[PDB]
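Here is the naming used below: chain letters follow the sequence lines, and residue numbers restart at 1 for every chain.
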Amino acid sequence: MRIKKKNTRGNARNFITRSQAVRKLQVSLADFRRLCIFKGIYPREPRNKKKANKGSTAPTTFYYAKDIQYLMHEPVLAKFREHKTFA
Amino acid sequence: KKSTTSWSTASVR
Amino acid sequence: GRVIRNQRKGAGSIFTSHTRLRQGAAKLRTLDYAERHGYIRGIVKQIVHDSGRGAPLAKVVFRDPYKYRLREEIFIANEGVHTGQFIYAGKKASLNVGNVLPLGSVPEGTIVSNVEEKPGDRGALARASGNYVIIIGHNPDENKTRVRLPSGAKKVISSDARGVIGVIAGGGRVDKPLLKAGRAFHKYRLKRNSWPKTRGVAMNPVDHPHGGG
Amino acid sequence: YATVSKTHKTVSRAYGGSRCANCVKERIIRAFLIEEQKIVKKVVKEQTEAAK
Amino acid sequence: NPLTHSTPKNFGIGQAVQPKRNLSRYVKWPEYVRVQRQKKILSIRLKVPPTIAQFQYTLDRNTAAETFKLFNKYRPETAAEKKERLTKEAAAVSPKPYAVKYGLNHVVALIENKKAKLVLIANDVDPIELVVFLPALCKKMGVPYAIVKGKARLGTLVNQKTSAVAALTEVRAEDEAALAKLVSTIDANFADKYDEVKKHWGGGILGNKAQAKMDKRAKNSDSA
RNA sequence: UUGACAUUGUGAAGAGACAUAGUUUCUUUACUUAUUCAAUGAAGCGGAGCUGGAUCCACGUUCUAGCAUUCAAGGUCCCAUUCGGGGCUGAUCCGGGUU
RNA sequence: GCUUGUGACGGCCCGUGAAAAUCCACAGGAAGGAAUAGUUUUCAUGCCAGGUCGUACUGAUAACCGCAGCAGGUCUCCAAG
RNA sequence: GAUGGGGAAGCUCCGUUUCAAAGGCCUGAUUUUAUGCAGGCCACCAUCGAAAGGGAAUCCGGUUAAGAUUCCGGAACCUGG
Ligand SMILES: [Mg+2]
Ligand SMILES: [Mg+2]
Ligand SMILES: [Mg+2]
Ligand SMILES: [Mg+2]
Ligand SMILES: [Mg+2]
Ligand SMILES: [Mg+2]
Ligand SMILES: [Mg+2]
Ligand SMILES: [Mg+2]
Ligand SMILES: [Mg+2]
Ligand SMILES: [Mg+2]
C-alpha cells in the first residue's frame, strides 16, 4: 500500500461544510436551509476543528456528511425543482 | 433489497 | 543516386539539437505596459554557463506587476554585468550597461546587443559572444532606426524595438586553437551531430555529387 | 524531516531555518537604512517642489 | 482616532501590485460570442445594397404600440378554446371568426389576391430572402404594409415563438375606423417619410479608431 | 521562376465614352472589411480631459543583493451602533477594435 | 599494509558535467483561544490497520543463444598467505 | 501519444497546450417584493515511458529433502486515522 494523503480521512471526511453541502446538493442556500429544517439536519462540532477544516481556525458551519448524503434522496427536493420549472 | 440500477435509495436512515 | 547527408539532415532524427543541459531560451521580457511607458527594475541573481553556447547567461528576477510573485528571466549577460546588479528595462531606463532600452531612446553611436528584429520578438540580433550592433541614426518621421549589424550589413528597424546596452560577454573565444579532435568532439557533443565531416570527394559517386575519380 | 520535532529544524530567530545569522543581520541593516533614506528623499523633494 | 493611519498606495509603474480593474474590454470571449459580435460589426461596416438596407427603417414606438394594440384584439383562436367550440358544435348538430392572418405562403397569397388590409413584416428574418421581396410586392399590389421590429413580437401576436409576417384582412365594425386611421398613420409616418431614403445604400460606417485616424489626418491637413 | 484568370472590397483626384443633367473605362493616391503574419496573463489600445505642470510630460519608481499579497488604509454621506455593514472616492471620462 | 566509505582541498574544459514526484522551513497573520478555568496531538505514553502481483533453481566447457549436454558468445558484486 | 482543431478518396496523418465555454473554491437573512442563486476568488493541461535513475519504513538468532531481510522467537521502525 502506498502512502495515503492527509486531510482526507477522519474529521476531514466525517464533516462537510455548508458551502460544500450546498454545492453537493445543487440547490440554493434558502432551499438548503429549509430542507435541513424539514428533515432535522443540525450543525455539528468536530473535536478537532483544524483537522476538519485543513488547519484553519475560521468559524465554520459543519454537518454530518452521511446526513447530507441521506438528504440527497428526499422527494421534497424534486418538488422544489418542479416548482422552479413551473415558475 | 439488492440494487438493480446505478442510483438507489433503499430507505435506511 | 543515394540520398546525401545534406538532404538527410532535414528529416530531423539524429540531427536534432542536444538540449538536455540548456538553461532555457535567452529572451528579453515580454513587451508590456511597464516597459512601453516607464521602467521596471530587476536584480541579477546569478551568472551561469549554458551548455552549447559561448556567451554566459544572467538570471534576472523582476516583480510581477499584476500579482504578488516573482518572475525570472534569462538574459544573455553583457560584459561588465555582475551578480547583485540592478537592471532597468523600459522606455524611461537610463543609458547604462545592462539596461534594456528602445532604439529610439539611445543616441547615435550607442552599442547594443540582443536587438529585436521587430518590436516584441524578444531579441534576435548580436547574441553571440563579443558581438554587438551600432546605432547609425534615426528617422523620427518614419519612427525608424538605422543600425549596423555584426556582418557589416545595414538594417532599418522600428524604433520601438528593444536592445541591451553593451556587448555580449565572452569575446575572444575563437582566438584559441582547439589543437585536438577530442576538443572539437566535446564542443559538438553539446550542440548537435555535425562532426566529424567526411569530404564529398572522399566518397563513392553514389553518396555525393563530388565522389569518385 | 517530517519525523522530527520543530526544534531540530529551526533556530530561535527571524528567518531561523531559511536564512543564516549574518544574512539576516544584513537585511535588517539595509531595511532600516533604506527606509530612513526614503524619508530623507521625500523631505528633499518636498523642499525642492516648495521652492520651485 | 489615534489608532488609525493613512497609508496611500502608489499604483504607478514599478510600485505596488495593480488593483483589480474592469477588464470587460479585454475578455477573451467564447468563439460563438466573438462570431455574433463580429458579424453584426461586419453588417455595419460593409456597404449594404438598398433592397436589404430598407429593413433598417421600421415603425416608430408610438405607431408600433397602436398597431399592436389593434392586432391584440384579433389574436387567433387558441388550442384550449378550440376544443370548447367543437363540443358546442356537436351539440348544435358558431359565427364567423375574426383573426390575424399569418404564415408566409398564406400572406403572400392574400397580398397577391388583394385580400390583405394591412401587412406587418418582421425586420429580423434570417434567411432574409424569405421577406426581402415582400415590400416591392405590397407596393405593386397596392397593399398597405409596415416593417416592424420583432418576429418574436409577431409571434406573440399569433401564439408562436416567431412569425415572419402578419396580416389583417377583415375587421369588425367596432374597429373599421381604427384600422383606417392606422393605415393613414402608417402612410404618413412610414411609407411617405422613408420613400427616398429606402433607395439609398447603407452601411458606410467606420470603426472608432479608423474614424479617429481620419479625423486627425483631416484636422492636420486643414490646420498646422 | 515569370504571366493570366478567380479569391477581390471602399473612396478621392486626374484623363474618356450617352450630345454642357452622372452610367461606365484607365493612371495616381488613399482606406479597411476579406485575406496574411506575430504575440499575450487576449492588462492598460484609441480619443478626450473648463484634469494639472511646463507642443511635451506625468513632478508617484534609479547610492545599497531588504520589504511590497487577505474586496486598501484614509476621507465623506447613510444605517440604527452591537462583535459592523453599505454607497462615492481613493484609482477622471468615452468607444461598436485584445495588441 | 589491502579494499572500501568519507572529509577538507587542488587540477581540467570553446566539455562546467538530468528532471519530476515528495518532504521541510521561513515571511505573512485570515482567525481562534483562559480565571475558577482554557489552549497545545511538530513533547512522552496509550489504541487500530497495512491490499494486489514476483519470490524454487541455473546463470553456463551441460539449465541462456549458436539445428547439440557445441573449446564460440553473453552485464555485474565479494575476494586470504 | 489521445482530446480541441486542421489535413486526407480513405486506410489514417499532423500536433502536445494549442486555435476550446477544457473546473475547482469562498461567503450569504444580498435591505427583503413574499415558493425561481446572489456576491466573489484562483488559474494550464489526458495518458504512457527506468525490477541499474529519484524513492517512507527491519534487524539478529533459529528452522527445511527442497523456503526465508518473507516462516518461528525476540527486538524495532514507517505511514494513515
Ligand atoms: Mg573509396
Ligand atoms: Mg532464492
Ligand atoms: Mg541461486
Ligand atoms: Mg538452447
Ligand atoms: Mg533457434
Ligand atoms: Mg499522432
Ligand atoms: Mg508511469
Ligand atoms: Mg532504483
Ligand atoms: Mg535456497
Ligand atoms: Mg516476525
TODO: Kindly check if the number of other-residue, nucleotide or ligand heavy atoms within 6.0 Å of CZ (C:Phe75) is above 12?
DONE: yes

Just list the side-chain donor-acceptor pairs under 3.5 Å for residues 177-188 of chain C, sequence neighbours left out, or say none.
{"from": "C:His186", "atom 1": "ND1", "to": "C:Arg189", "atom 2": "NE", "distance (Å)": "3.3"}
{"from": "C:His186", "atom 1": "ND1", "to": "C:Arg189", "atom 2": "NH2", "distance (Å)": "3.2"}

Open item on the list: Can you confirm whether more than 12 heavy atoms, excluding those of E:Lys149, are under 6.0 Å from its NZ atom?
Closed with: no

Task: Any residue of residues 47-70 of chain C which, by heavy atoms, sits under 4.5 Å from chain E - done: C:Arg63, C:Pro65, C:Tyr66, C:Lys67, C:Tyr68

Open item on the list: Just checking E:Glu196: does its CD atom have more than 12 heavy atoms from other residues, nucleotides or ligands closer to it than 6.0 angstrom?
Closed with: no

Task: For the student: nearest non-hydrogen atoms of C:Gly38 and E:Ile13, plus distance - done: N-CD1, 3.5 Å

TODO: Give a yes or no on whether C:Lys45 atom NZ has more than 12 heavy-atom contacts from other residues, nucleotides or ligands under 6.0 Å away.
DONE: no

Task: More than 12 heavy atoms from other groups under 6.0 Å of NZ on E:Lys69 - done: no

